[PDB]
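Each remark here refers to the structure printed beneath this line.
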Amino acid sequence: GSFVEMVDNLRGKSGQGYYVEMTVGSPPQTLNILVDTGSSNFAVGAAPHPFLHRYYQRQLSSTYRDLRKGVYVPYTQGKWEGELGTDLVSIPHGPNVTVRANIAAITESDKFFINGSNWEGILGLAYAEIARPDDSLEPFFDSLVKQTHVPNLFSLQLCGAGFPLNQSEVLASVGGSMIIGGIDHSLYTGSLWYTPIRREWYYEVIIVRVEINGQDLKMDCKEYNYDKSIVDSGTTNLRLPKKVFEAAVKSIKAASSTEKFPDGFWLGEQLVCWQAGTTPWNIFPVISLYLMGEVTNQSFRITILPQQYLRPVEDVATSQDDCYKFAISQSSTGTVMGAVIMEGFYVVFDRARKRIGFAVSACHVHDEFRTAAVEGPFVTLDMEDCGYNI
Ligand SMILES: CCCN(CCC)C(=O)c1cc(C)cc(C(=O)N[C@@H](Cc2cc(F)cc(F)c2)[C@H](O)[C@H]2C[C@@H](OCc3ccccc3)CN2)c1
C-alpha cells in the first residue's frame, strides 16, 4: 500500500452513503461529503436544514467567488436548488493540494439530505456531460487534475461491516478508502480486471452475461444495459432494468426455495430476520456479472455473495436477531451497480485510460465457504451488440 495517507479516509454505510472529509473556503470550513460516482456536481448545504448540524457559510470565506447563477439538480431520489460560486477546496486525508473548484451552495432541498448520515454535501465524480446546468460547469475532479499533478485516476474501497452499525458505531468505524490519484495494493486481493468506460458521462459499462449460481440468466445481453449500465456509489442497491429484475428475482427465488420469503422482502421494502448467527447464507445464490474486457472478444466476471446483496439492518425491535433487506431493486433507467455491489470490490476509476478496474476487496464480507471473485478471461463474441443505442 503506497497511499497510506488516504487509506481508511471514508466513513458511512451503504444505506446512507459513504463520505469523505473536505474543507471549503478561507479559513477552511470542514464538511463531510458524500462520494458519488453517479453524478457530476460538487454541492454543499449552505443554509440551515433540519438534518444538518453544519453548513457552508460563504460570507465567512475570503476566497468565495459568486458566479451569480442558480443551479437545480433533480436526482432519481431527491433534489436540491442552489447558488453557484467557486472557492478553495482541500481533502484533509487526500492529496496534499488545494484547488479552486465550482461549488453549488444548496439553499433548498427535497428528500436530499439524510437524517443521521453525518454528511452535508455531495461530490459528483462523474463527467461534465451530466453536470448541471450544463457541461461548462467543470466537475471537481477535472479541476483537481487540471490544477495539480494528481494523476487522472481515483479508486474506491467501500467497506460494509456485514452487520448493523448504530449511530455511535458508524461515527467511529472506518468505512473504506478513496485513493485520489492512484491504486493502493493493500486494498485488494488477486488481480485487477478492467472493463472499458463505454462513454464519458456516467461511468458507463457493458454487462455481457449474467449468472445466478452459475446458471445463465439467458437474456439478450442488450437487456442488461437497457438503457445503460453505470457504476454508482451514490445509490445503495444493485438496480436492474425491469425485465432483468423480473428474471433475476425469479431465479434467486428458485435458488433459495428451501425458505419462503414474503413479497415485501423481494420488493426491497421489508426486512427478514434470523436467530443470531443463523443467517442461511448458503441457501442464497452467488450472482455473477460478466463485463466487456479490454481485449477483443474477451470478458471477465465479478461474483458477489448474498453478504453483499442482503443489506444488514437493525430489527424493528432492536432484538438480537440478524436482519437484512434485499438490496436488489427494479430500475427504469438502466442497471445501477450501487454501493452494495461496490462493497465486494476495490474499484479503480481509471479516467486516464478510460477504463474501470475491479478486484476482490480486502474488506468484503464473506463466510468460510464462499468468497467474492473477479475472474477471467472468457471468450465472448459480439459484445458491442450488448450496448444499447437510443
Ligand atoms: C434513499 C436515499 C438515497 N439512497 C440511499 C443512500 C445512497 C439511495 O440508495 C438511492 C436510491 C435511488 C432510487 C436513487 C438515488 C439517487 O438518485 N442517487 C444519486 C445521488 C444521491 C441523490 C440523493 F438525493 C441522495 C443521496 F444520498 C444520493 C446518484 O447521483 C444517482 C442519480 C442518477 O443519475 C441521475 C442524475 C440526475 C441529475 C444529475 C446527475 C445525475 C444515477 N446516480 C439514491
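Going through the C-alpha cells in order, the chains are called A, B, and so on, while each chain numbers its residues from 1 and the ligands are numbered from 1 in the order shown.
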Practice problem: For ligand 1, list the contacting residues at 9 Å or closer, counting only C-alpha atoms and all ligand atoms, as a ChimeraX atom specification. | Solution: /A:13-18,34-41,72-80,109-114,117,122,124,126,130-132,202,230-237,239,329,331,333,336,338-339
Residue selection dump (C-alpha atoms) as a compact mmCIF listing (two decimals), in the first residue's frame:
```txt
# COMPACT_ATOMS: atom_id res chain seq x y z
CA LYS A 13 -22.59 2.61 5.17
CA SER A 14 -24.44 1.52 2.04
CA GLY A 15 -27.86 2.65 3.20
CA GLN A 16 -26.86 6.25 3.91
CA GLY A 17 -23.81 6.68 1.72
CA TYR A 18 -20.02 6.81 2.14
CA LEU A 34 -20.99 12.07 0.04
CA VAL A 35 -18.78 10.29 -2.53
CA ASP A 36 -20.97 9.95 -5.65
CA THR A 37 -19.65 8.37 -8.84
CA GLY A 38 -23.20 8.68 -10.20
CA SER A 39 -23.38 12.47 -10.67
CA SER A 40 -21.07 15.37 -11.54
CA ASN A 41 -21.86 18.32 -9.24
CA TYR A 72 -31.02 22.90 -10.00
CA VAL A 73 -30.25 19.20 -9.69
CA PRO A 74 -33.01 16.60 -9.73
CA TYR A 75 -31.58 13.15 -9.00
CA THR A 76 -33.55 9.93 -9.19
CA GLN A 77 -34.05 10.16 -5.42
CA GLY A 78 -34.20 13.73 -4.21
CA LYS A 79 -33.36 17.19 -5.47
CA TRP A 80 -31.74 20.46 -4.47
CA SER A 109 -33.70 20.73 -0.97
CA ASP A 110 -36.27 17.95 -1.00
CA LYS A 111 -35.53 14.36 0.05
CA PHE A 112 -31.79 15.00 -0.47
CA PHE A 113 -30.19 15.25 2.98
CA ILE A 114 -30.47 12.11 5.11
CA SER A 117 -25.93 10.29 7.62
CA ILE A 122 -22.11 15.68 -2.33
CA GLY A 124 -20.14 14.17 -8.02
CA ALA A 126 -18.59 11.59 -12.97
CA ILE A 130 -24.09 15.28 -16.91
CA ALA A 131 -23.18 18.30 -14.81
CA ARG A 132 -25.97 20.86 -14.22
CA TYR A 202 -21.81 8.47 -16.15
CA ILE A 230 -23.42 2.53 -14.59
CA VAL A 231 -21.11 2.18 -11.55
CA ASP A 232 -22.68 4.36 -8.85
CA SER A 233 -21.50 4.81 -5.27
CA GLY A 234 -24.41 7.21 -4.75
CA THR A 235 -27.10 4.51 -4.94
CA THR A 236 -27.40 1.78 -2.29
CA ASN A 237 -28.82 -1.05 -4.36
CA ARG A 239 -30.78 -1.72 -9.58
CA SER A 329 -34.41 -3.46 -6.99
CA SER A 331 -34.93 0.31 -12.48
CA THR A 333 -33.16 3.99 -16.08
CA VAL A 336 -27.09 0.75 -11.46
CA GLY A 338 -24.66 0.56 -6.41
CA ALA A 339 -22.81 0.56 -3.13
```
List as a short mmCIF file (atom, residue, chain, number, x, y, z; two decimals) with C-alpha atoms, in the first residue's frame the protein and nucleic acid residues near residue 256 of chain A, meaning an atom at most 8 Å away when only C-alpha atoms are counted, but skip any in the same chain fewer than 3 places from it.
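Written output follows (selection31.cif):
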```cif
data_model
loop_
_atom_site.label_atom_id
_atom_site.label_comp_id
_atom_site.auth_asym_id
_atom_site.auth_seq_id
_atom_site.Cartn_x
_atom_site.Cartn_y
_atom_site.Cartn_z
CA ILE A 252 -32.90 -16.06 -6.94
CA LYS A 253 -36.23 -17.26 -5.53
CA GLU A 259 -37.13 -20.91 2.52
CA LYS A 260 -40.18 -18.84 1.57
CA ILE A 283 -29.28 -21.14 0.53
CA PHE A 284 -28.81 -17.87 -1.33
CA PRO A 285 -27.05 -17.87 -4.70
#
```
Long-range neighbours of segment 265-274 of chain A as a PDB file with C-alpha atoms, in the first residue's frame, 8 Å cut-off, only C-alpha atoms, 4 positions minimum in chain:
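This is the output file out.pdb:
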```pdb
ATOM      1  CA  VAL A 249     -35.724 -12.408  -8.811  1.00  0.00           C
ATOM      2  CA  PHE A 261     -39.914 -15.052   1.892  1.00  0.00           C
ATOM      3  CA  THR A 278     -28.021 -18.425  11.898  1.00  0.00           C
ATOM      4  CA  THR A 279     -28.422 -16.461   8.656  1.00  0.00           C
ATOM      5  CA  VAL A 313     -30.457  -3.617   9.086  1.00  0.00           C
ATOM      6  CA  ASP A 315     -34.513  -5.224  13.753  1.00  0.00           C
ATOM      7  CA  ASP A 321     -31.665 -11.345  15.559  1.00  0.00           C
ATOM      8  CA  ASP A 322     -29.577 -10.759  12.432  1.00  0.00           C
ATOM      9  CA  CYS A 323     -31.827  -8.944   9.939  1.00  0.00           C
ATOM     10  CA  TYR A 324     -31.428  -7.804   6.339  1.00  0.00           C
ATOM     11  CA  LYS A 325     -33.176  -6.151   3.429  1.00  0.00           C
ATOM     12  CA  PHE A 326     -32.975  -7.440  -0.162  1.00  0.00           C
ATOM     13  CA  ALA A 327     -30.727  -4.823  -1.853  1.00  0.00           C
ATOM     14  CA  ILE A 328     -31.639  -5.538  -5.448  1.00  0.00           C
ATOM     15  CA  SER A 329     -34.408  -3.465  -6.987  1.00  0.00           C
TER      16      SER A 329
END
```
Quiz item: So which residues of segment 130-339 of chain A fall under helix (DSSP H, G or I) by DSSP, listed as a PyMOL selection string?
Solution: chain A and resi 130+140-147+167-172+185-187+221-225+242-255+263-266+281-283+306-309+339
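Proximity of A:66, A:155, A:44, A:98 to residue 184 of chain A, computed with only C-alpha atoms, is greatest for A:155.
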Exercise. Would you mind listing what lies within 8 Å of residue 343 of chain A as a list in words, with only C-alpha atoms counted and same-chain residues fewer than 2 positions away left out?
Key: residues 157, 158, 159, 160, 308, 339, 340, 341, 345, 346, 361, 363 and 364 of chain A
Emit the selected residues as a PDB file, in the first residue's frame, including N, CA, C and O atoms.
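Result file is out.pdb:
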```pdb
ATOM      1  N   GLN A 157     -12.684   1.820  -2.238  1.00  0.00           N
ATOM      2  CA  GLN A 157     -12.839   0.591  -1.474  1.00  0.00           C
ATOM      3  C   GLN A 157     -13.982   0.956  -0.507  1.00  0.00           C
ATOM      4  O   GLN A 157     -13.736   1.657   0.482  1.00  0.00           O
ATOM      5  N   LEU A 158     -15.209   0.507  -0.763  1.00  0.00           N
ATOM      6  CA  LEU A 158     -16.312   0.795   0.151  1.00  0.00           C
ATOM      7  C   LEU A 158     -16.420  -0.445   1.045  1.00  0.00           C
ATOM      8  O   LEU A 158     -16.518  -1.576   0.539  1.00  0.00           O
ATOM      9  N   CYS A 159     -16.390  -0.244   2.360  1.00  0.00           N
ATOM     10  CA  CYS A 159     -16.418  -1.365   3.289  1.00  0.00           C
ATOM     11  C   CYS A 159     -17.676  -1.526   4.112  1.00  0.00           C
ATOM     12  O   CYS A 159     -17.879  -0.794   5.083  1.00  0.00           O
ATOM     13  N   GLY A 160     -18.505  -2.499   3.735  1.00  0.00           N
ATOM     14  CA  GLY A 160     -19.710  -2.763   4.505  1.00  0.00           C
ATOM     15  C   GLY A 160     -19.255  -3.544   5.724  1.00  0.00           C
ATOM     16  O   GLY A 160     -18.322  -4.346   5.628  1.00  0.00           O
ATOM     17  N   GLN A 308     -23.268  -9.476   0.143  1.00  0.00           N
ATOM     18  CA  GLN A 308     -23.294  -8.165  -0.484  1.00  0.00           C
ATOM     19  C   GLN A 308     -24.711  -7.727  -0.816  1.00  0.00           C
ATOM     20  O   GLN A 308     -25.089  -6.600  -0.501  1.00  0.00           O
ATOM     21  N   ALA A 339     -23.733   0.806  -4.222  1.00  0.00           N
ATOM     22  CA  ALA A 339     -22.810   0.562  -3.132  1.00  0.00           C
ATOM     23  C   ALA A 339     -22.744  -0.872  -2.645  1.00  0.00           C
ATOM     24  O   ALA A 339     -21.662  -1.337  -2.324  1.00  0.00           O
ATOM     25  N   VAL A 340     -23.873  -1.574  -2.589  1.00  0.00           N
ATOM     26  CA  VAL A 340     -23.806  -2.952  -2.100  1.00  0.00           C
ATOM     27  C   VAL A 340     -22.996  -3.842  -3.006  1.00  0.00           C
ATOM     28  O   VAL A 340     -22.419  -4.819  -2.533  1.00  0.00           O
ATOM     29  N   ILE A 341     -22.938  -3.508  -4.297  1.00  0.00           N
ATOM     30  CA  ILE A 341     -22.119  -4.267  -5.234  1.00  0.00           C
ATOM     31  C   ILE A 341     -20.663  -3.806  -5.066  1.00  0.00           C
ATOM     32  O   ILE A 341     -19.727  -4.623  -5.004  1.00  0.00           O
ATOM     33  N   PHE A 345     -15.844  -5.171  -3.894  1.00  0.00           N
ATOM     34  CA  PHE A 345     -14.664  -4.983  -4.733  1.00  0.00           C
ATOM     35  C   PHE A 345     -13.919  -3.691  -4.514  1.00  0.00           C
ATOM     36  O   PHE A 345     -14.477  -2.723  -3.996  1.00  0.00           O
ATOM     37  N   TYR A 346     -12.650  -3.703  -4.914  1.00  0.00           N
ATOM     38  CA  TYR A 346     -11.840  -2.487  -4.935  1.00  0.00           C
ATOM     39  C   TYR A 346     -12.098  -2.043  -6.378  1.00  0.00           C
ATOM     40  O   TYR A 346     -11.850  -2.812  -7.316  1.00  0.00           O
ATOM     41  N   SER A 361     -12.283  -7.133  -2.952  1.00  0.00           N
ATOM     42  CA  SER A 361     -11.964  -6.234  -1.844  1.00  0.00           C
ATOM     43  C   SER A 361     -11.418  -6.915  -0.617  1.00  0.00           C
ATOM     44  O   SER A 361     -11.924  -7.948  -0.186  1.00  0.00           O
ATOM     45  N   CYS A 363     -11.856  -5.930   2.163  1.00  0.00           N
ATOM     46  CA  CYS A 363     -12.824  -5.780   3.241  1.00  0.00           C
ATOM     47  C   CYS A 363     -14.196  -6.330   2.857  1.00  0.00           C
ATOM     48  O   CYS A 363     -15.184  -5.975   3.495  1.00  0.00           O
ATOM     49  N   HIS A 364     -14.293  -7.172   1.828  1.00  0.00           N
ATOM     50  CA  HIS A 364     -15.642  -7.660   1.504  1.00  0.00           C
ATOM     51  C   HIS A 364     -16.058  -8.678   2.565  1.00  0.00           C
ATOM     52  O   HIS A 364     -15.221  -9.407   3.117  1.00  0.00           O
TER      53      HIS A 364
END
```
Quiz item: Which residues come within 9 Å of residue 85 of chain A, counting only C-alpha atoms, excluding same-chain residues fewer than 6 positions away, as a PyMOL selection string?
Solution: chain A and resi 64-69+101-105
Export, as a short mmCIF file (atom, residue, chain, number, x, y, z; two decimals), in the first residue's frame, the selected residues with C-alpha atoms.
```
data_model
loop_
_atom_site.label_atom_id
_atom_site.label_comp_id
_atom_site.auth_asym_id
_atom_site.auth_seq_id
_atom_site.Cartn_x
_atom_site.Cartn_y
_atom_site.Cartn_z
CA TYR A 64 -15.52 32.89 -2.00
CA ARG A 65 -16.42 34.00 -5.55
CA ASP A 66 -20.05 34.44 -6.57
CA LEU A 67 -20.95 33.14 -10.08
CA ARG A 68 -24.32 34.97 -9.96
CA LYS A 69 -26.05 31.88 -11.34
CA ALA A 101 -13.46 24.48 -7.64
CA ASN A 102 -17.06 25.11 -8.56
CA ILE A 103 -19.39 24.79 -5.58
CA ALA A 104 -23.17 24.73 -5.62
CA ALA A 105 -24.33 26.29 -2.35
#
```
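Take the candidates A:240, A:342, A:347, A:208 and check each one against residue 379 of chain A using only C-alpha atoms; the shortest distance goes to A:208.
Minimum atom-to-atom distances from A:2, A:54, A:42, A:12 to residue 168 of chain A were compared using only C-alpha atoms, and the lowest value belongs to A:12.
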Give me, as a CSV table (one decimal) with N, CA and C atoms, in the first residue's frame, the residues of segment 218-363 of chain A that a backbone DSSP run labels strand (DSSP E or B).
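The resulting file, states_10.csv, is shown below:
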```csv
chain,number,residue,atom,x,y,z
A,229,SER,N,-25.8,1.0,-18.3
A,229,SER,CA,-25.3,0.3,-17.1
A,229,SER,C,-24.3,1.2,-16.5
A,230,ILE,N,-24.4,1.6,-15.2
A,230,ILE,CA,-23.4,2.5,-14.6
A,230,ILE,C,-22.9,2.0,-13.2
A,231,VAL,N,-21.7,2.5,-12.9
A,231,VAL,CA,-21.1,2.2,-11.6
A,231,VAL,C,-21.4,3.4,-10.7
A,238,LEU,N,-28.3,-2.6,-6.0
A,238,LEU,CA,-28.0,-3.1,-7.4
A,238,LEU,C,-29.4,-2.9,-8.0
A,239,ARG,N,-29.5,-2.0,-9.0
A,239,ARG,CA,-30.8,-1.7,-9.6
A,239,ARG,C,-30.7,-2.3,-11.0
A,240,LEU,N,-31.7,-3.1,-11.4
A,240,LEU,CA,-31.8,-3.8,-12.7
A,240,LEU,C,-33.0,-3.4,-13.5
A,241,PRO,N,-32.8,-3.3,-14.8
A,241,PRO,CA,-33.9,-3.0,-15.8
A,241,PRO,C,-35.1,-3.9,-15.4
A,272,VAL,N,-36.0,-9.2,6.8
A,272,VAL,CA,-36.2,-10.6,7.1
A,272,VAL,C,-35.1,-10.8,8.2
A,273,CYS,N,-35.5,-11.6,9.2
A,273,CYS,CA,-34.6,-11.8,10.4
A,273,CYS,C,-34.4,-13.3,10.7
A,274,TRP,N,-33.2,-13.6,11.2
A,274,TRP,CA,-32.9,-15.0,11.7
A,274,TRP,C,-32.3,-14.9,13.1
A,287,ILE,N,-24.1,-14.2,-7.4
A,287,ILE,CA,-24.5,-13.5,-8.7
A,287,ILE,C,-23.3,-13.1,-9.4
A,288,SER,N,-23.2,-13.5,-10.7
A,288,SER,CA,-22.0,-13.1,-11.5
A,288,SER,C,-22.4,-12.2,-12.6
A,289,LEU,N,-21.7,-11.1,-12.7
A,289,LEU,CA,-21.9,-10.2,-13.8
A,289,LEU,C,-20.7,-10.2,-14.7
A,290,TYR,N,-20.8,-10.6,-16.0
A,290,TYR,CA,-19.7,-10.6,-16.9
A,290,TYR,C,-19.6,-9.2,-17.5
A,291,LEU,N,-18.4,-8.6,-17.6
A,291,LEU,CA,-18.2,-7.3,-18.1
A,291,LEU,C,-17.2,-7.4,-19.3
A,292,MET,N,-17.5,-6.6,-20.3
A,292,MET,CA,-16.6,-6.5,-21.5
A,292,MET,C,-15.2,-6.3,-21.1
A,298,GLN,N,-13.0,-10.7,-25.4
A,298,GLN,CA,-12.7,-11.2,-24.1
A,298,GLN,C,-13.5,-10.5,-23.0
A,299,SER,N,-14.0,-11.3,-22.1
A,299,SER,CA,-14.8,-10.8,-20.9
A,299,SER,C,-14.2,-11.3,-19.6
A,300,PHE,N,-14.7,-10.8,-18.5
A,300,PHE,CA,-14.3,-11.3,-17.2
A,300,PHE,C,-15.5,-11.2,-16.4
A,301,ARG,N,-15.5,-11.8,-15.2
A,301,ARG,CA,-16.7,-11.8,-14.4
A,301,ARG,C,-16.4,-11.3,-13.0
A,302,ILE,N,-17.4,-10.7,-12.3
A,302,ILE,CA,-17.3,-10.3,-10.9
A,302,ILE,C,-18.4,-11.1,-10.3
A,303,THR,N,-18.1,-11.7,-9.1
A,303,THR,CA,-19.1,-12.5,-8.4
A,303,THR,C,-19.3,-12.0,-7.1
A,304,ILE,N,-20.6,-11.8,-6.8
A,304,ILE,CA,-21.0,-11.2,-5.4
A,304,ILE,C,-21.8,-12.3,-4.7
A,310,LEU,N,-27.6,-8.7,0.4
A,310,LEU,CA,-28.5,-8.7,1.6
A,310,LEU,C,-27.9,-7.6,2.5
A,311,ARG,N,-28.6,-6.5,2.7
A,311,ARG,CA,-28.1,-5.4,3.5
A,311,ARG,C,-28.5,-5.5,4.9
A,312,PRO,N,-27.5,-5.5,5.8
A,312,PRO,CA,-27.7,-5.5,7.3
A,312,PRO,C,-28.6,-4.4,7.8
A,313,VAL,N,-29.6,-4.7,8.5
A,313,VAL,CA,-30.5,-3.6,9.1
A,313,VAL,C,-30.8,-4.0,10.5
A,322,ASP,N,-30.3,-11.3,13.6
A,322,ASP,CA,-29.6,-10.8,12.4
A,322,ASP,C,-30.6,-10.6,11.3
A,323,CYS,N,-30.8,-9.3,10.9
A,323,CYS,CA,-31.8,-8.9,9.9
A,323,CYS,C,-31.2,-8.3,8.7
A,324,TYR,N,-31.9,-8.4,7.6
A,324,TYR,CA,-31.4,-7.8,6.3
A,324,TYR,C,-32.6,-7.4,5.4
A,325,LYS,N,-32.3,-6.5,4.5
A,325,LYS,CA,-33.2,-6.2,3.4
A,325,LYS,C,-32.6,-6.6,2.1
A,326,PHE,N,-33.4,-7.0,1.2
A,326,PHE,CA,-33.0,-7.4,-0.2
A,326,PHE,C,-32.6,-6.1,-0.9
A,328,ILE,N,-31.6,-5.5,-4.0
A,328,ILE,CA,-31.6,-5.5,-5.4
A,328,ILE,C,-33.0,-5.0,-5.7
A,329,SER,N,-33.1,-4.1,-6.7
A,329,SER,CA,-34.4,-3.5,-7.0
A,329,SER,C,-34.5,-3.1,-8.5
A,330,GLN,N,-35.8,-2.8,-8.9
A,330,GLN,CA,-36.1,-2.5,-10.2
A,330,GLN,C,-35.7,-1.1,-10.6
A,331,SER,N,-35.3,-1.0,-11.9
A,331,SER,CA,-34.9,0.3,-12.5
A,331,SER,C,-35.6,0.6,-13.8
A,335,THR,N,-29.2,-0.4,-15.6
A,335,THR,CA,-28.6,-1.0,-14.5
A,335,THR,C,-27.8,0.0,-13.7
A,336,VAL,N,-27.9,-0.1,-12.3
A,336,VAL,CA,-27.1,0.7,-11.5
A,336,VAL,C,-26.3,-0.2,-10.5
A,337,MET,N,-25.0,-0.2,-10.7
A,337,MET,CA,-24.2,-1.1,-9.8
A,337,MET,C,-23.9,-0.2,-8.6
A,345,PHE,N,-15.8,-5.2,-3.9
A,345,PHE,CA,-14.7,-5.0,-4.7
A,345,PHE,C,-13.9,-3.7,-4.5
A,346,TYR,N,-12.6,-3.7,-4.9
A,346,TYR,CA,-11.8,-2.5,-4.9
A,346,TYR,C,-12.1,-2.0,-6.4
A,347,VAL,N,-12.6,-0.8,-6.6
A,347,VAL,CA,-13.0,-0.3,-7.9
A,347,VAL,C,-12.1,0.8,-8.3
A,348,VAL,N,-11.4,0.7,-9.4
A,348,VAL,CA,-10.5,1.7,-10.0
A,348,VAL,C,-11.1,2.5,-11.1
A,349,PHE,N,-11.3,3.8,-10.9
A,349,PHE,CA,-11.9,4.6,-11.9
A,349,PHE,C,-10.7,5.2,-12.7
A,350,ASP,N,-10.2,4.5,-13.7
A,350,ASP,CA,-9.0,4.9,-14.5
A,350,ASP,C,-9.5,5.8,-15.6
A,355,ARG,N,-11.1,3.4,-18.4
A,355,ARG,CA,-11.4,2.0,-18.0
A,355,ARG,C,-11.7,2.0,-16.5
A,356,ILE,N,-12.5,1.0,-16.1
A,356,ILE,CA,-12.8,0.8,-14.7
A,356,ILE,C,-12.3,-0.6,-14.3
A,357,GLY,N,-11.5,-0.7,-13.3
A,357,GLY,CA,-10.9,-1.9,-12.8
A,357,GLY,C,-11.6,-2.5,-11.6
A,358,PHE,N,-11.7,-3.8,-11.5
A,358,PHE,CA,-12.3,-4.5,-10.4
A,358,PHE,C,-11.4,-5.6,-9.8
A,359,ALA,N,-11.3,-5.6,-8.5
A,359,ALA,CA,-10.5,-6.7,-7.9
A,359,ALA,C,-11.3,-7.0,-6.6
A,360,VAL,N,-11.1,-8.2,-6.1
A,360,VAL,CA,-11.8,-8.6,-4.8
A,360,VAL,C,-11.3,-7.7,-3.7
A,361,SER,N,-12.3,-7.1,-3.0
A,361,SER,CA,-12.0,-6.2,-1.8
A,361,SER,C,-11.4,-6.9,-0.6
```
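Closest to residue 223 of chain A among A:244, A:88, A:99, A:205 is A:244, based on only C-alpha atoms.
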Exercise. Write out as number ranges by chain each polymer residue whose atoms come within 10 Å of residue 366 of chain A, counting only C-alpha atoms; drop sequence neighbours fewer than 2 positions from it.
Key: A: 162, 281, 304-308, 344, 363-364, 368-372
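Proximity of A:373, A:153, A:206, A:174 to residue 352 of chain A, computed with only C-alpha atoms, is greatest for A:153.
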Quiz item: Using only C-alpha atoms, which of A:51, A:119, A:193, A:141 sits nearest residue 90 of chain A?
Solution: A:141
Quiz prompt | Polymer residues at most 9 Å from residue 219 of chain A, only C-alpha atoms, same-chain spacing of 5 or more positions, as a ChimeraX atom specification | solution = /A:209-210,224,244,247
May I have the selected residues written with C-alpha atoms, as a CSV table (one decimal), in the first residue's frame?
```
chain,number,residue,atom,x,y,z
A,209,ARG,CA,-23.7,-12.1,-19.3
A,210,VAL,CA,-25.4,-12.7,-16.0
A,224,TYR,CA,-28.8,-6.0,-19.2
A,244,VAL,CA,-33.8,-8.2,-15.9
A,247,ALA,CA,-35.8,-12.7,-14.4
```
